[PDB]
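Undergrad: One structure, pasted below without further comment.
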Amino acid sequence: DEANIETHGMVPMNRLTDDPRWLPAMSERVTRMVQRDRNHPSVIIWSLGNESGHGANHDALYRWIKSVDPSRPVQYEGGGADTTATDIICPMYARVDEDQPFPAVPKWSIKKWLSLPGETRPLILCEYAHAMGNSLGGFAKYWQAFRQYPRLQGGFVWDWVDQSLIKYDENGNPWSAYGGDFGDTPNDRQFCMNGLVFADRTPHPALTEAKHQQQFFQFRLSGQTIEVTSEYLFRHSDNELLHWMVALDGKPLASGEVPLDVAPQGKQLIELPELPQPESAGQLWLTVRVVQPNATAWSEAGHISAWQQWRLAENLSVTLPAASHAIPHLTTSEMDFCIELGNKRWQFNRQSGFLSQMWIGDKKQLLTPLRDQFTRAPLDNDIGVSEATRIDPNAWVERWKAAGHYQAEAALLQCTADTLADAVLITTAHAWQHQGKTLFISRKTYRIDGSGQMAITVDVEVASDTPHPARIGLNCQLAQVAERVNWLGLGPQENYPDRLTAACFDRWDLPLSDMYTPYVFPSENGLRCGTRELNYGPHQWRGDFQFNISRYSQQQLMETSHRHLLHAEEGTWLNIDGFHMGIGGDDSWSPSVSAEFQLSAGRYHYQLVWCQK
Amino acid sequence: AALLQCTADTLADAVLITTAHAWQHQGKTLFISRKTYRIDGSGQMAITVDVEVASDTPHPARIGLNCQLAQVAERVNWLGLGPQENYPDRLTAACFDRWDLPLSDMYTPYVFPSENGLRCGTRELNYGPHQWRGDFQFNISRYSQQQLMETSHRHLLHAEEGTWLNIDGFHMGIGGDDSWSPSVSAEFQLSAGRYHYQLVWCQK
Amino acid sequence: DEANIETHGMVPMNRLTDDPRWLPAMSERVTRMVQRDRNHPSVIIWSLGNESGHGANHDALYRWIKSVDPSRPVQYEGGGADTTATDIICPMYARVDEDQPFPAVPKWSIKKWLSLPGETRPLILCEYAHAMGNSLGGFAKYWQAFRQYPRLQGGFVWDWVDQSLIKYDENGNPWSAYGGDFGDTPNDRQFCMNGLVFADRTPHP
Ligand SMILES: [Mg+2]
Ligand SMILES: [Mg+2]
């Protein structure tokens, strides 16, 4: 609970608090709270105010709470969260490993706070993990330090529900309004969402990550025994059933159910029976989940609370997919390479050096040719506080715009034609320049198998002065529209290379509209990671990659502002990428992507195989 | 090892020979490797290697290749890091510059004979009439690799004929903070599952 | 500086120390040190012993140093390096990020020592970075934490010089001998080097 004080506008932020002419008007908002809310059993921590500087009055009211009710502690944040007007330390937005110094109000690192000379109090965070748009990246690193150290205690997540308002058009259909669009000046135009769910209510994708790291059971594997440990403090395990399943490539072999009962703060060992070993290639996966059988007051029957996955002993493929008896044929022109095989054929535009048109039928498979891609639509965690009038150089979007990633273009260097005994090999190199400075280098080889599949190998090379690029991959525009998509990898939600601790590796099936996640502010969405097989319509893709298929393009998400003004384009845009950047973050105005997950190797490699039917 | 496949290819300006291998033991397949050989028209050679490691056997030591050259020279010339030795976990001391030394300083005689003398992060290697380009780690020695494992003292080693040369792509940190428990930290182990490297042989 | 006490063989390692029949023979090796080395300006930290368990005698001599010379601190290692017989924490071979638990004598992580409930003293390591053969790997990670945190202070490196002995063959040429090759039983055959330089002297890499 909290009184009603905030003075976040004055210069400096302790003018109306330190001056003692304002003591009567300020001490009628704390006294008349305590006399209203002191019988209830729920409130355990009082708090004075938020973002109002430090002064003498915040020391004056503190003994007034601590002298008329001694059974609860008192918490206060502003001024650095160390002063005499508090009992438990509570910084806002403090990082985990790195630290940043300011004049006169530092924010030290969370492991460094406790070891300063003469410090004994605990530490509960008041605000962490800002959550606008795609966020809650790097969330898993907090919940290792929260369980290893004894004296850290946890934190509070900003914020739960959106703040949107509705408004009607001339058709009668509504659309969610935001910020300063009613007709006021001035405004701030994006900082009103702060969403973990929508305003309906209907859950974001970002919630099911926070469900997983906060679970009440912890599991650990050893040999052939599984170990279950608890995290309750008062309750005995009355209704819990364990549910185990072994899996090979989407085909089940063994399953079972074991009843469970653990003491508080105890341990239990569960012995697994023998499991049959397969003969073909594959990685054996093990999945364990926890199910309640009866209905409580706050849940129905059949609720799920905890899960965990591991990798078991495996076996690797030995034989070779060879061979077939069909031989491809090729022929040349001054604009196009024509490589056919029976019904199916391929064409190569000379000047772009790209795949111009692929054929099944008598049917146009594609419109836009096969091309590399090096960027994304700017999310909220890299737009900063920059706008069209005031600029800021430390944000990511202004550095990329400054160097010229969005503007640069390619120039061709070399394409050669080769004919093997069973295949053909077409080699092509490219380079991207801007204002006379050479940005990026790429070299790729195309191989056309005799069976019917295609083998593509890519070698990219990045200069060391320009800032680090967003993605490394390629995209295209398919012409047919289907109903469902089928991927073999991770699911069922979305996930990024920094937020992937929540999924499990299994087969999944969904229709098309669930892949697009409509945010209120339109940006990039819907990448699936770690997959090994992709199936859509009549087409097939194999390798190790990250992907997203969408109805919408990539440029139109960058240009517009609202979510009700998007229109559907024809065809389906498909985007396949090799290596990708974490999103963070812990603030939204300073960059907060951690250094381990950036893209700074200098050299990279990836391989993929196209296939029909 | 057991061989699987080798094919011969003739381009317009080059030739391409493709070869795959696999290593097994007691009926369980340990390691997989696939490599391509390309012979340029200028005089140089281009070699590309793709290796693949199973996920149950513990993590291997190095990933590379070695050979036995027949001529003996006086000095070696490398372009990269120097002048001492360095490993991928102990490399904060060198600087990136040209260096020149005679042969005997490359072998560091410990009293207990073991592995020694890898140079890391280099970009050019020159010894005698030969030339190697890419991005790699290397050591050239008078001694073999097996005889360092077998014996016990340092005064009982004898010199073999020729020069053994060893070139490696990716390598393991050594630690450590104890000597009875393992102490190599988890960040510098070799657990990706897939790896890639490329190198170019050249004469004169 | 250090007195002359080590009892690393008995079972358990506090038999000859906790039993008070051995107090006179043990308190003639600390008293006659302090009266020999107290005028010099170089010594700044006294130390009782190494690897000898914990008992009552190590609490008994501690006030005897801290009552006849108050101008220097007193350091002691064994038993977990937390007990009442010391003033500055000194674990041996403690790691930096991961930790390993033992029964009854843990070795917690070096950033985790200072944040336990009711702990205020500094921390100087007594032994770190064992150095036989190719070693001193991962050494750079200590010297980031030594400069970021205020209250850590540094450590001591084992060991400086090799312990080799010479012996002659029939040719007259020498070779460095090690361990149990003279003709004794038993032996340990590699743990005598611990080298940062050779025995000449000539520096390691
Ligand atoms: Mg405010
Ligand atoms: Mg000892």
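Chain lettering (A, B, ...) mirrors the order of the structure tokens, residue numbering begins at 1 for each chain separately, and ligand numbering begins at 1 in order of display.
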Taking only C-alpha atoms into account, report as a PyMOL selection string which residues of chain B lie within 8 Å of chain C.

TA: chain B and resi 84-85+89-90+92+110-112+155+173-179

Undergrad: Find the spatial neighbours of region 66-70 of chain C, counting only C-alpha atoms, within a cut-off of 12 Å - ignore same-chain residues fewer than 4 positions away - and output them as a list in words.

TA: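 Within the cut-off, the hits are residues 31, 34, 35, 37, 38, 39, 44, 45, 46, 47, 59, 60, 61, 62, 74, 75, 85, 86 and 87 of chain C.
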
Undergrad: Could I get the residue neighbourhood of ligand 1 at 9 Å, counting only C-alpha atoms and all ligand atoms, as a list in words?

TA: residues 6, 7, 8, 9, 50, 51 and 52 of chain A

Undergrad: Based on the selection just made, write C-alpha atoms of those residues as a short mmCIF file (atom, residue, chain, number, x, y, z; two decimals), in the first residue's frame.

TA:
```cif
data_model
loop_
_atom_site.label_atom_id
_atom_site.label_comp_id
_atom_site.auth_asym_id
_atom_site.auth_seq_id
_atom_site.Cartn_x
_atom_site.Cartn_y
_atom_site.Cartn_z
CA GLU A 6 4.51 12.49 -6.29
CA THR A 7 6.46 15.60 -7.30
CA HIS A 8 8.23 14.50 -10.49
CA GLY A 9 8.08 17.87 -12.26
CA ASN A 50 7.31 7.65 -5.08
CA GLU A 51 9.62 9.90 -7.10
CA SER A 52 9.57 12.90 -4.76
#
```

Undergrad: Check every residue of chain A for an atom within 9 Å of chain C, counting only C-alpha atoms, and provide those that qualify as a PyMOL selection string.

TA: chain A and resi 111-112+114-120+148-151

Undergrad: Give the residues of chain B that lie within 8 Å of chain A; count only C-alpha atoms, and format the answer as a ChimeraX atom specification.

TA: /B:9-12,29,54-56,196

Undergrad: Hey, what does DSSP flag as helix (DSSP H, G or I) within chain B? Can you give it to me as a ChimeraX atom specification?

TA: /B:146-150,186-188

Undergrad: Once you have the residues from the selection above, write them out as a PDB file, in the first residue's frame, restricted to N, CA and C atoms.

TA:
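Full text of again.pdb as output:
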```pdb
ATOM      1  N   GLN B 146      52.898 -38.855 -30.114  1.00  0.00           N
ATOM      2  CA  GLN B 146      52.717 -40.039 -29.279  1.00  0.00           C
ATOM      3  C   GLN B 146      53.831 -40.195 -28.248  1.00  0.00           C
ATOM      4  N   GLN B 147      55.072 -39.914 -28.655  1.00  0.00           N
ATOM      5  CA  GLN B 147      56.230 -40.109 -27.791  1.00  0.00           C
ATOM      6  C   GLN B 147      56.218 -39.170 -26.596  1.00  0.00           C
ATOM      7  N   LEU B 148      55.607 -37.996 -26.727  1.00  0.00           N
ATOM      8  CA  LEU B 148      55.397 -37.154 -25.561  1.00  0.00           C
ATOM      9  C   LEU B 148      54.424 -37.775 -24.576  1.00  0.00           C
ATOM     10  N   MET B 149      53.469 -38.564 -25.050  1.00  0.00           N
ATOM     11  CA  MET B 149      52.541 -39.192 -24.123  1.00  0.00           C
ATOM     12  C   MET B 149      53.181 -40.376 -23.426  1.00  0.00           C
ATOM     13  N   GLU B 150      54.036 -41.122 -24.125  1.00  0.00           N
ATOM     14  CA  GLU B 150      54.510 -42.377 -23.549  1.00  0.00           C
ATOM     15  C   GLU B 150      55.538 -42.209 -22.432  1.00  0.00           C
ATOM     16  N   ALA B 186      33.049 -23.486 -17.926  1.00  0.00           N
ATOM     17  CA  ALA B 186      32.091 -24.018 -18.886  1.00  0.00           C
ATOM     18  C   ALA B 186      31.985 -23.178 -20.143  1.00  0.00           C
ATOM     19  N   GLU B 187      32.433 -21.928 -20.100  1.00  0.00           N
ATOM     20  CA  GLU B 187      32.255 -21.043 -21.244  1.00  0.00           C
ATOM     21  C   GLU B 187      33.194 -21.419 -22.381  1.00  0.00           C
ATOM     22  N   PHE B 188      34.367 -21.932 -22.050  1.00  0.00           N
ATOM     23  CA  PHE B 188      35.392 -22.214 -23.038  1.00  0.00           C
ATOM     24  C   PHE B 188      35.471 -23.674 -23.431  1.00  0.00           C
TER      25      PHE B 188
END
```

Undergrad: Show me which residues are within 12 Å of ligand 2 counting only C-alpha atoms and all ligand atoms, and format the list as a PyMOL selection string.

TA: chain C and resi 5-10+13+49-53+77-78+92+191

Undergrad: Just to confirm, what's the straight-line distance from CA of residue 170 (chain B) to CA of residue 182 (chain B) in Å (one decimal)?

TA: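 About the pair CA of residue 170 (chain B) and CA of residue 182 (chain B): they are 20.3 Å apart.
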
Undergrad: I'd like the contact shell of residue 95 (chain A) - 12 Å cut-off, only C-alpha atoms, skipping same-chain residues fewer than 5 positions apart - returned as an MDAnalysis selection string.

TA: chainID A and resid 100:101 106:113 125 127:129 138:139 141:142 145 584:587 592:594

Undergrad: Got time to write the residues from that selection, N, CA and C atoms, as a PDB file, in the first residue's frame?

TA:
```
ATOM      1  N   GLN A 100      26.240   1.366 -13.810  1.00  0.00           N
ATOM      2  CA  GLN A 100      26.435   2.662 -14.419  1.00  0.00           C
ATOM      3  C   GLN A 100      26.482   3.756 -13.363  1.00  0.00           C
ATOM      4  N   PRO A 101      27.509   4.595 -13.366  1.00  0.00           N
ATOM      5  CA  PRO A 101      27.562   5.688 -12.393  1.00  0.00           C
ATOM      6  C   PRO A 101      26.986   6.987 -12.920  1.00  0.00           C
ATOM      7  N   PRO A 106      24.154   7.130  -7.709  1.00  0.00           N
ATOM      8  CA  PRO A 106      24.560   5.979  -8.506  1.00  0.00           C
ATOM      9  C   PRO A 106      23.511   4.885  -8.454  1.00  0.00           C
ATOM     10  N   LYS A 107      23.653   3.924  -9.360  1.00  0.00           N
ATOM     11  CA  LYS A 107      22.910   2.667  -9.321  1.00  0.00           C
ATOM     12  C   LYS A 107      23.933   1.542  -9.411  1.00  0.00           C
ATOM     13  N   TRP A 108      24.394   1.037  -8.270  1.00  0.00           N
ATOM     14  CA  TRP A 108      25.430   0.021  -8.310  1.00  0.00           C
ATOM     15  C   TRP A 108      24.833  -1.322  -8.715  1.00  0.00           C
ATOM     16  N   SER A 109      25.701  -2.304  -8.928  1.00  0.00           N
ATOM     17  CA  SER A 109      25.231  -3.625  -9.304  1.00  0.00           C
ATOM     18  C   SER A 109      24.609  -4.343  -8.114  1.00  0.00           C
ATOM     19  N   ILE A 110      23.692  -5.260  -8.425  1.00  0.00           N
ATOM     20  CA  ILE A 110      22.857  -5.871  -7.402  1.00  0.00           C
ATOM     21  C   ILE A 110      23.639  -6.822  -6.507  1.00  0.00           C
ATOM     22  N   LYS A 111      24.741  -7.391  -6.987  1.00  0.00           N
ATOM     23  CA  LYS A 111      25.621  -8.160  -6.129  1.00  0.00           C
ATOM     24  C   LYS A 111      26.617  -7.281  -5.402  1.00  0.00           C
ATOM     25  N   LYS A 112      26.726  -6.019  -5.795  1.00  0.00           N
ATOM     26  CA  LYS A 112      27.701  -5.108  -5.228  1.00  0.00           C
ATOM     27  C   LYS A 112      27.112  -4.267  -4.114  1.00  0.00           C
ATOM     28  N   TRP A 113      25.786  -4.089  -4.112  1.00  0.00           N
ATOM     29  CA  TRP A 113      25.107  -3.380  -3.032  1.00  0.00           C
ATOM     30  C   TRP A 113      25.389  -3.962  -1.663  1.00  0.00           C
ATOM     31  N   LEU A 125      13.415  -5.439  -4.963  1.00  0.00           N
ATOM     32  CA  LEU A 125      13.293  -4.455  -6.028  1.00  0.00           C
ATOM     33  C   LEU A 125      11.872  -3.916  -6.119  1.00  0.00           C
ATOM     34  N   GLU A 127      10.864  -1.895  -8.912  1.00  0.00           N
ATOM     35  CA  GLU A 127      10.509  -1.999 -10.321  1.00  0.00           C
ATOM     36  C   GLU A 127      11.619  -2.715 -11.080  1.00  0.00           C
ATOM     37  N   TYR A 128      11.266  -3.740 -11.854  1.00  0.00           N
ATOM     38  CA  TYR A 128      12.236  -4.312 -12.774  1.00  0.00           C
ATOM     39  C   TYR A 128      11.507  -4.859 -13.987  1.00  0.00           C
ATOM     40  N   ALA A 129      12.256  -5.017 -15.080  1.00  0.00           N
ATOM     41  CA  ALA A 129      11.812  -5.650 -16.326  1.00  0.00           C
ATOM     42  C   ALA A 129      10.610  -4.931 -16.946  1.00  0.00           C
ATOM     43  N   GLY A 138      16.120 -11.420 -21.283  1.00  0.00           N
ATOM     44  CA  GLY A 138      17.072 -11.524 -20.206  1.00  0.00           C
ATOM     45  C   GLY A 138      16.445 -11.742 -18.857  1.00  0.00           C
ATOM     46  N   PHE A 139      15.217 -12.239 -18.814  1.00  0.00           N
ATOM     47  CA  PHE A 139      14.525 -12.420 -17.554  1.00  0.00           C
ATOM     48  C   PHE A 139      15.056 -13.607 -16.783  1.00  0.00           C
ATOM     49  N   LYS A 141      18.070 -14.445 -16.106  1.00  0.00           N
ATOM     50  CA  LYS A 141      19.280 -14.222 -15.335  1.00  0.00           C
ATOM     51  C   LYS A 141      18.982 -13.696 -13.942  1.00  0.00           C
ATOM     52  N   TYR A 142      17.820 -13.084 -13.740  1.00  0.00           N
ATOM     53  CA  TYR A 142      17.424 -12.670 -12.403  1.00  0.00           C
ATOM     54  C   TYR A 142      17.128 -13.876 -11.518  1.00  0.00           C
ATOM     55  N   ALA A 145      20.274 -15.691  -9.643  1.00  0.00           N
ATOM     56  CA  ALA A 145      20.745 -14.920  -8.513  1.00  0.00           C
ATOM     57  C   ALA A 145      19.718 -14.819  -7.405  1.00  0.00           C
ATOM     58  N   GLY A 584      16.449  -7.824 -25.188  1.00  0.00           N
ATOM     59  CA  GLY A 584      16.377  -7.146 -23.919  1.00  0.00           C
ATOM     60  C   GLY A 584      14.928  -6.920 -23.509  1.00  0.00           C
ATOM     61  N   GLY A 585      14.724  -5.971 -22.599  1.00  0.00           N
ATOM     62  CA  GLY A 585      15.767  -5.171 -21.994  1.00  0.00           C
ATOM     63  C   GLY A 585      15.278  -4.800 -20.622  1.00  0.00           C
ATOM     64  N   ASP A 586      16.025  -3.962 -19.926  1.00  0.00           N
ATOM     65  CA  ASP A 586      15.639  -3.576 -18.587  1.00  0.00           C
ATOM     66  C   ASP A 586      15.253  -2.113 -18.475  1.00  0.00           C
ATOM     67  N   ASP A 587      15.659  -1.282 -19.415  1.00  0.00           N
ATOM     68  CA  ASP A 587      15.149   0.068 -19.546  1.00  0.00           C
ATOM     69  C   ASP A 587      14.512   0.196 -20.919  1.00  0.00           C
ATOM     70  N   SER A 592      20.011  -1.690 -23.604  1.00  0.00           N
ATOM     71  CA  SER A 592      20.149  -2.651 -22.523  1.00  0.00           C
ATOM     72  C   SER A 592      20.312  -4.079 -23.025  1.00  0.00           C
ATOM     73  N   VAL A 593      20.662  -4.267 -24.294  1.00  0.00           N
ATOM     74  CA  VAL A 593      20.970  -5.608 -24.763  1.00  0.00           C
ATOM     75  C   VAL A 593      22.341  -6.002 -24.251  1.00  0.00           C
ATOM     76  N   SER A 594      22.415  -7.144 -23.575  1.00  0.00           N
ATOM     77  CA  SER A 594      23.658  -7.551 -22.942  1.00  0.00           C
ATOM     78  C   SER A 594      24.690  -7.968 -23.989  1.00  0.00           C
TER      79      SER A 594
END
```

Undergrad: Going by DSSP on the backbone, which bits of region 424-541 of chain A are strand (DSSP E or B)? Write them as a VMD selection string, please.

TA: chain A and resid 424 to 434 437 to 448 454 to 462 471 to 478 484 to 491 496 499 504 to 511 528 to 536 539 to 541

Undergrad: Convert the current residue selection to file output with C-alpha atoms, as a PDB file, in the first residue's frame.

TA:
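part_14.pdb, freshly written:
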```pdb
ATOM      1  CA  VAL A 424      25.196 -28.277 -61.546  1.00  0.00           C
ATOM      2  CA  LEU A 425      26.958 -25.601 -59.513  1.00  0.00           C
ATOM      3  CA  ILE A 426      26.335 -21.871 -59.971  1.00  0.00           C
ATOM      4  CA  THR A 427      28.566 -19.529 -57.980  1.00  0.00           C
ATOM      5  CA  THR A 428      27.739 -15.923 -57.136  1.00  0.00           C
ATOM      6  CA  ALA A 429      29.351 -13.168 -55.048  1.00  0.00           C
ATOM      7  CA  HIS A 430      27.954  -9.810 -53.859  1.00  0.00           C
ATOM      8  CA  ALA A 431      29.031  -6.710 -51.950  1.00  0.00           C
ATOM      9  CA  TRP A 432      27.127  -3.816 -50.362  1.00  0.00           C
ATOM     10  CA  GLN A 433      28.619  -0.296 -50.383  1.00  0.00           C
ATOM     11  CA  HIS A 434      27.469   3.169 -49.261  1.00  0.00           C
ATOM     12  CA  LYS A 437      32.683   2.951 -48.065  1.00  0.00           C
ATOM     13  CA  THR A 438      32.185  -0.809 -48.374  1.00  0.00           C
ATOM     14  CA  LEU A 439      29.739  -2.119 -45.783  1.00  0.00           C
ATOM     15  CA  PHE A 440      29.111  -5.844 -46.181  1.00  0.00           C
ATOM     16  CA  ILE A 441      30.443  -8.826 -48.154  1.00  0.00           C
ATOM     17  CA  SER A 442      28.627 -12.032 -49.128  1.00  0.00           C
ATOM     18  CA  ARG A 443      29.484 -15.134 -51.198  1.00  0.00           C
ATOM     19  CA  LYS A 444      27.080 -17.967 -51.967  1.00  0.00           C
ATOM     20  CA  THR A 445      27.012 -21.237 -53.912  1.00  0.00           C
ATOM     21  CA  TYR A 446      23.996 -22.928 -55.528  1.00  0.00           C
ATOM     22  CA  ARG A 447      23.914 -26.713 -56.095  1.00  0.00           C
ATOM     23  CA  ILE A 448      21.128 -28.554 -57.939  1.00  0.00           C
ATOM     24  CA  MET A 454      18.488 -27.763 -53.808  1.00  0.00           C
ATOM     25  CA  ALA A 455      21.567 -27.144 -51.659  1.00  0.00           C
ATOM     26  CA  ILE A 456      22.582 -23.587 -50.763  1.00  0.00           C
ATOM     27  CA  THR A 457      25.707 -22.565 -48.833  1.00  0.00           C
ATOM     28  CA  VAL A 458      26.323 -18.990 -47.650  1.00  0.00           C
ATOM     29  CA  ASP A 459      29.509 -17.289 -46.402  1.00  0.00           C
ATOM     30  CA  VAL A 460      29.090 -13.731 -45.108  1.00  0.00           C
ATOM     31  CA  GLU A 461      31.746 -11.303 -43.897  1.00  0.00           C
ATOM     32  CA  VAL A 462      31.215  -8.132 -41.874  1.00  0.00           C
ATOM     33  CA  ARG A 471      19.800 -10.400 -38.668  1.00  0.00           C
ATOM     34  CA  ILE A 472      21.621 -12.482 -41.281  1.00  0.00           C
ATOM     35  CA  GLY A 473      19.202 -14.208 -43.682  1.00  0.00           C
ATOM     36  CA  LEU A 474      16.991 -14.069 -46.786  1.00  0.00           C
ATOM     37  CA  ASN A 475      13.337 -13.525 -47.725  1.00  0.00           C
ATOM     38  CA  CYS A 476      10.863 -14.022 -50.562  1.00  0.00           C
ATOM     39  CA  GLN A 477       7.223 -13.738 -51.649  1.00  0.00           C
ATOM     40  CA  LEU A 478       5.245 -16.928 -52.225  1.00  0.00           C
ATOM     41  CA  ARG A 484      -2.344 -24.298 -41.551  1.00  0.00           C
ATOM     42  CA  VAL A 485       1.416 -24.342 -41.081  1.00  0.00           C
ATOM     43  CA  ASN A 486       3.516 -27.259 -39.789  1.00  0.00           C
ATOM     44  CA  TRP A 487       6.904 -26.850 -38.118  1.00  0.00           C
ATOM     45  CA  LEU A 488       9.166 -29.301 -36.309  1.00  0.00           C
ATOM     46  CA  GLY A 489      11.089 -27.552 -33.542  1.00  0.00           C
ATOM     47  CA  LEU A 490      10.020 -25.274 -30.693  1.00  0.00           C
ATOM     48  CA  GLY A 491       6.519 -24.071 -29.850  1.00  0.00           C
ATOM     49  CA  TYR A 496      13.547 -15.181 -29.478  1.00  0.00           C
ATOM     50  CA  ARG A 499      13.644 -15.467 -24.520  1.00  0.00           C
ATOM     51  CA  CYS A 504       9.595 -27.389 -25.431  1.00  0.00           C
ATOM     52  CA  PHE A 505      10.819 -29.322 -28.455  1.00  0.00           C
ATOM     53  CA  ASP A 506       7.861 -31.073 -30.080  1.00  0.00           C
ATOM     54  CA  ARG A 507       5.557 -31.236 -33.093  1.00  0.00           C
ATOM     55  CA  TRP A 508       2.962 -28.441 -33.386  1.00  0.00           C
ATOM     56  CA  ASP A 509       0.120 -27.425 -35.729  1.00  0.00           C
ATOM     57  CA  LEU A 510      -1.801 -24.128 -35.981  1.00  0.00           C
ATOM     58  CA  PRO A 511      -3.768 -22.138 -38.573  1.00  0.00           C
ATOM     59  CA  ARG A 528      10.069 -19.137 -34.278  1.00  0.00           C
ATOM     60  CA  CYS A 529      13.516 -20.401 -33.261  1.00  0.00           C
ATOM     61  CA  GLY A 530      15.515 -23.602 -33.029  1.00  0.00           C
ATOM     62  CA  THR A 531      13.420 -25.509 -35.540  1.00  0.00           C
ATOM     63  CA  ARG A 532      14.659 -28.347 -37.722  1.00  0.00           C
ATOM     64  CA  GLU A 533      11.884 -28.873 -40.275  1.00  0.00           C
ATOM     65  CA  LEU A 534       9.533 -26.472 -42.047  1.00  0.00           C
ATOM     66  CA  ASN A 535       6.411 -27.509 -43.963  1.00  0.00           C
ATOM     67  CA  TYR A 536       3.946 -25.091 -45.579  1.00  0.00           C
ATOM     68  CA  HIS A 539       6.978 -26.733 -50.006  1.00  0.00           C
ATOM     69  CA  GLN A 540       9.703 -28.090 -47.730  1.00  0.00           C
ATOM     70  CA  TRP A 541      12.736 -26.588 -45.993  1.00  0.00           C
TER      71      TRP A 541
END
```
